[PDB]
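Below is one structure, written out as structure tokens; the observations come after it.
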Amino acid sequence: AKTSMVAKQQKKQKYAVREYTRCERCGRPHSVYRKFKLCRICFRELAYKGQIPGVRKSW
Amino acid sequence: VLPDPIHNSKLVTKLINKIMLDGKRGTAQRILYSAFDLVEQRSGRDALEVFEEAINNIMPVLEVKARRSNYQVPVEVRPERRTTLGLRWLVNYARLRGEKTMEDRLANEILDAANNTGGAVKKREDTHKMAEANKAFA
Amino acid sequence: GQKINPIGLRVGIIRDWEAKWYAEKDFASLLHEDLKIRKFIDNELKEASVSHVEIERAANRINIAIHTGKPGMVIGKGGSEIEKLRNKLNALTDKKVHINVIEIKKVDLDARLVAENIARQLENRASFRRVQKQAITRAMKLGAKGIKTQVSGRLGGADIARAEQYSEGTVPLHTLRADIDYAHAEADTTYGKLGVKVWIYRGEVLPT
RNA sequence: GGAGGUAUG
RNA sequence: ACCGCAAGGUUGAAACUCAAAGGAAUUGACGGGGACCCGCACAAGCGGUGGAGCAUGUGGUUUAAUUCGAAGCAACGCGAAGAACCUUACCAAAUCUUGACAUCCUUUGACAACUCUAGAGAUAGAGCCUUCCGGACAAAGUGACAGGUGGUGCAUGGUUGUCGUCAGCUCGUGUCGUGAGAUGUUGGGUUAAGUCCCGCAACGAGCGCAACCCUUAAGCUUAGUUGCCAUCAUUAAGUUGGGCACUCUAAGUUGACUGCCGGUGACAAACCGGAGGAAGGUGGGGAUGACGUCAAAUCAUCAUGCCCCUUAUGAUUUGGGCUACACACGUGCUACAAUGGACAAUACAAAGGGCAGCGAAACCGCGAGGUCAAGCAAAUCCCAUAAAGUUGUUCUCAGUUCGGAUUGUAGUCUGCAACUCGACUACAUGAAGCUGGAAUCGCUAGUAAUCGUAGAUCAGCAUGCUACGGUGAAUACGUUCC
RNA sequence: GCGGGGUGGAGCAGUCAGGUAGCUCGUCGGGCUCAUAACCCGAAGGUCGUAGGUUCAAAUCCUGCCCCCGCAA
Ligand SMILES: [Mg+2]
Ligand SMILES: [Mg+2]
Ligand SMILES: [Mg+2]
Ligand SMILES: [Mg+2]
Ligand SMILES: [Mg+2]
Ligand SMILES: [Mg+2]
Ligand SMILES: [Mg+2]
Ligand SMILES: [Zn+2]
Numbered sequence: 002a003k004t005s006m007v008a009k010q011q012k013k014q015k016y017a018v019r020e021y022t023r024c025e026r027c028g029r030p031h032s033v034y035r036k037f038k039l040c041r042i043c044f045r046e047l048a049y050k051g052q053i054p055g056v057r058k059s060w
Numbered sequence: 012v013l014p015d016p017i018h019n020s021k022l023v024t025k026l027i028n029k030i031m032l033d034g035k036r037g038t039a040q041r042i043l044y045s046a047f048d049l050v051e052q053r054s055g056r057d058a059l060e061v062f063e064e065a066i067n068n069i070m071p072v073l074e075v076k077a078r079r083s084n085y086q087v088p089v090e091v092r093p094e095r096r097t098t099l100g101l102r103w104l105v106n107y108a109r110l111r112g113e114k115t116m117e118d119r120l121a122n123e124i125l126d127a128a129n130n131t132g133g134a135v136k137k138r139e140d141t142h143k144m145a146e147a148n149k150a151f152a
Numbered sequence: 002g003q004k005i006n007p008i009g010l011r012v013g014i015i016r017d018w019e020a021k022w023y024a025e026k027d028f029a030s031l032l033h034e035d036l037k038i039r040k041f042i043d044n045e046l047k048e049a050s051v052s053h054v055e056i057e058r059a060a061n062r063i064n065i066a067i068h069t070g071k072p073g074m075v076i077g078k079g080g081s082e083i084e085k086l087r088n089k090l091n092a093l094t095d096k097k098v099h100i101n102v103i104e105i106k107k108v109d110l111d112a113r114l115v116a117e118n119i120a121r122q123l124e125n126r127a128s129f130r131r132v133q134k135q136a137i138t139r140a141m142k143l144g145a146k147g148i149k150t151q152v153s154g155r156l157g158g159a160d161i162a163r164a165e166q167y168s169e170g171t172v173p174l175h176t177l178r179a180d181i182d183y184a185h186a187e188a189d190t191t192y193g194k195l196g197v198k199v200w201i202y203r204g205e206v207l208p209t
């Protein structure tokens, strides 16, 4: 029931506490970094492709 | 490594680093120094002298290696493992000499060993007993 | 044995972020912008042989730069098509965007272009084997120090999968100096989805 | 250096 | 039938049944076969788990549901870097059926916000007067259509784990062999390493090893604020006047390469030792994971072939459940105390976060915290007093002044609301537990061990995860065994 | 009708002579193991058929009853 809930979180909700983050391109709630509003997977995808500034795999 | 400040000896520091739990060198330091103070109180003479005599007593000269049934075959103990085992048994059998304070425990342990008594000497003679018993397998 | 993307390994060492902008705070909007641009170029990308786009941003302007080998199909003849792009694209973004078509000759030496080609071939139902063969052939005629190619999935309409790869030359992944251009694509074949990976290594240079 | 005898799936 | 005292010997079929039985050799795998080598594999050591309570995950049972997945090593504090509602996929009730969402035609239109009644809420119902800026917002009829956390991970892409950072896997040409195959890739010697040399029907090359990459360790060049304080005066306080010397910060550079000395060794590679030097023998630590094995995992990140539901397997709200509980397993926390507990004073860090967020000070509150309110988008200000340690005093071996579970009452913060089901505090109570059976785990150095701190997720919730520093060992005989 | 018996799930001691119910195998949980068996560590499981008396004390002695095995009938 993904894309429904995508619409649902992208809507406002009757009170602010119900508001939750999911990644904007993949409707995935968990492992979201709210700076990027990306999940861990898509973070890897894009930072490997070079599409996310700053980022460089470390040590 | 180095010798100790008050007494200038290698063994004392090597023993502190074996009494030491979780890197509390100063706690170990305190209790060993108070033990030397208390063994100067009781049996008045030098703490190093009585200590070195103690380890001369308990520090063994043989050992066994368990191989194959299972033989336990004797072997001549290395001179570093000598002091190693001496200090180890000293501390451990002190800890199970069972009284209030570890300084008292240690004081009594060095005392008994100086007089060739104590659990450490018992372990020594157990070791040599089983060694000579198994001497056939050398 | 579950090996990484070399561009992800090399970013910040010999090749630079395709996105070339700063924001202390607002990645939460600007990165999604970058991605939506990257997606909206489906228009061009469906035929225009676009390898990659770099993006830069300022206070006033966006400055984007799209690399290809058929640039006529994106600039029309005089500018009709770039203007067509500015209209809708700037309508989406709501910010003044200036673009820059840029040419990469030698189109059969570029990873994503090879991948696009072999994908469309395999959708036209050619043979994986001949495809990879002729790709590496033409690349080595263009004079690359190494090519590697791989296709994986239901080859020949087979009931189960395979992974077939070819190489000629040197592909030193663990060398970090090496600027090996990797590309992945897919092919929605009538039986399933063939996944193509391609690798070129066209000699050694540094960004500094 | 090589040859000959002398517990289950 | 013959012979034999006999045991039995000689002679010697068929019905039927199978599509193979078989021989020599090749590649691998295996071996309770052999030789060599290596690895915290043993061994020499240090500390733990299994014993108890608690947290958490899993199995099993139940329940309306206890959503779904992962299940030898390589599932089990794993997906989940956040289950009160939402999330939530499940269950009950109530509701909708071009639909919560997209593309199209047309009526249209700019839109509505924000009120009130009823409803548990979704919801309808009155309004409120919303205004063509032909694209745009907003609805409305429409059938095309959407939608599916529904099945197959044994149809798949992509992503990953593991054998294993082990050092191996292959190829071109040539040659041997009828051929599978072999050589190379084996041998001597060495190396952490198919690392190097030598030799040799092989010559070369590639993927791997290694170095390039990052960090840490010394120095040098530039620069000197928000960072530093030798020089001087000052002030509580490097704070402020002043200097950027020092530290530090961070860009460029130097540095370490068996580079040099001797000995050994096939003179070669290489080893052992030495000098110098901050550092010496891939300096230490990471990142990087070959061909491929396990039809390993994932169709619940996503994408997707085929199959299935489509007035329901789709969609909306409220409430429940994922938090159950006779039990078993795993991972960890707290302790079972004098190397200690309680109280008092006092000292030294690092790495990090911070905008509608970090919340100093002052004040109120015993304490959780509360009022006001400074500074702060950072080397300024806050988070943020680090704790262990040290100095004293006390308690003096007890189920204890140990431990802090459980329960009772009263409160604080968050939030739409803490019964199920948050954390926290104060008081009261004070359980089990005196260092754990058979078994078994981790670790070779600033490690183990122990003490604190920080951060992502996050309104709020961490004994978990990721990261930081402080104190700081024991031992390695050595390869006989697993 | 006569004579013997009934002790954890199976088979046997213990009854003669009253003094804290025992043996082997099994069952349950945990270990080892790739998993199972064996093996190692723990734990349950017995109003001694039952109901009455005697006894300080009952499997034990006495009474009564219900079954089991033979003989018979
Ligand atoms: Mg051991
Ligand atoms: Mg336990
Ligand atoms: Mg489950
Ligand atoms: Mg499965
Ligand atoms: Mg709900
Ligand atoms: Mg490497
Ligand atoms: Mg499978
Ligand atoms: Zn995502």
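Chains as they are written, first to last, in the authors' numbering: chain o, 2 to 60; chain h, 12 to 79, 83 to 152; chain d, 2 to 209. All C-beta atoms in this analysis are idealised placements derived from N, C-alpha and C, irrespective of residue type, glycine included.
Pairwise C-alpha distance: residue j and residue i
i, j, result
"residue 96 of chain h", "residue 39 of chain h", "22 Å"
"residue 61 of chain h", "residue 12 of chain h", "23 Å"
"residue 109 of chain h", "residue 11 of chain d", "58 Å"
"residue 93 of chain h", "residue 104 of chain h", "17 Å"
"residue 25 of chain o", "residue 93 of chain d", "17 Å"
"residue 24 of chain d", "residue 37 of chain o", "11 Å"
"residue 199 of chain d", "residue 147 of chain d", "11 Å"
"residue 33 of chain o", "residue 204 of chain d", "39 Å"
"residue 137 of chain d", "residue 23 of chain o", "42 Å"
"residue 31 of chain o", "residue 16 of chain o", "21 Å"
"residue 23 of chain h", "residue 150 of chain h", "38 Å"
"residue 43 of chain h", "residue 85 of chain h", "39 Å"
"residue 7 of chain o", "residue 68 of chain d", "34 Å"
"residue 209 of chain d", "residue 27 of chain h", "56 Å"
"residue 26 of chain d", "residue 32 of chain d", "11 Å"
"residue 135 of chain d", "residue 28 of chain o", "40 Å"
"residue 123 of chain d", "residue 140 of chain d", "19 Å"
"residue 186 of chain d", "residue 197 of chain d", "5 Å"
"residue 164 of chain d", "residue 143 of chain d", "26 Å"
"residue 4 of chain h", "residue 50 of chain h", "The structure shown does not extend to residue 4 of chain h, since chain h is modelled only from 12 through 152, so no value can be given for it."
"residue 183 of chain d", "residue 18 of chain d", "15 Å"
"residue 44 of chain o", "residue 202 of chain d", "26 Å"
"residue 73 of chain d", "residue 149 of chain d", "30 Å"
"residue 67 of chain h", "residue 90 of chain h", "16 Å"
"residue 126 of chain d", "residue 12 of chain o", "44 Å"
"residue 108 of chain d", "residue 41 of chain o", "34 Å"
"residue 48 of chain h", "residue 134 of chain h", "22 Å"
"residue 59 of chain d", "residue 101 of chain d", "15 Å"
Neighbour list for residue i in chain o, Cβ cutoff strictly below 7 Å
i, result
"residue 20 of chain d", "52, 53, 54"
Under 9 Å by beta carbon: chain d residues contacting residue i
i, result
"residue 17 of chain o", "Within chain d, no residue comes near residue 17 of chain o; the closest Cβ sits about 17 Å away, beyond 9 Å."
"residue 58 of chain o", "5, 9, 10, 12, 13"
Close Cβ partners of residue i (< 6 Å) along its chain, the five nearest in sequence each way excluded
i, result
"residue 126 of chain h", "132"
"residue 46 of chain h", "117, 120, 121"
"residue 1 of chain d", "Only positions 2 to 209 of chain d appear in the structure, and residue 1 of chain d is not among them; the question remains open."
Beta-carbon neighbours of residue i, restricted to chain d and to distances below 7 Å
i, result
"residue 49 of chain o", "6, 8, 9"
"residue 25 of chain o", "33"
Beta-carbon neighbours of residue i, restricted to chain d and to distances below 8 Å
i, result
"residue 37 of chain o", "28, 29, 32"
Contacting residues, own chain, Cβ-Cβ under 7 Å from residue i (five flanking each side not counted)
i, result
"residue 138 of chain h", "69, 71"
"residue 110 of chain d", "140, 143, 145, 201, 203"
Within chain o, the residues that residue i reaches when beta carbons sit closer than 8 Å
i, result
"residue 93 of chain d", "Correct list: empty, because the minimum Cβ distance to chain o is about 15 Å."
"residue 23 of chain d", "54"
Own chain partners of residue i with C-beta closer than 8 Å, once the 5 adjacent residues on each side are dropped
i, result
"residue 54 of chain h", "61, 125, 128"
Okay, do the segment 28 to 35 of chain h and the segment 45 to 59 of chain d touch, 3+ Cβ pairs below 8 Å being the bar? no
If you pair each beta-carbon of the segment 150 to 161 of chain d with each one of the segment 178 to 197 of chain d, do three or more pairs fall below 8 Å? yes
Under 8 Å, with one C-beta from each stretch per pair, do the segment 69 to 77 of chain h and the segment 143 to 151 of chain h reach the 3-pair mark? yes
Sufficient close CB pairs (3 or more, under 8 Å) joining the segment 165 to 172 of chain d to the segment 114 to 125 of chain d: no
Segments of 4+ residues assigned as alpha helix (DSSP H) that fall wholly inside the segment 34 to 63 of chain d: 43 to 46
What ranges does the alpha helix (DSSP H) occupy inside the segment 73 to 161 of chain d, keeping only unbroken runs of at least 4 residues that lie completely in it? 73 to 76, 81 to 94, 112 to 124, 129 to 143
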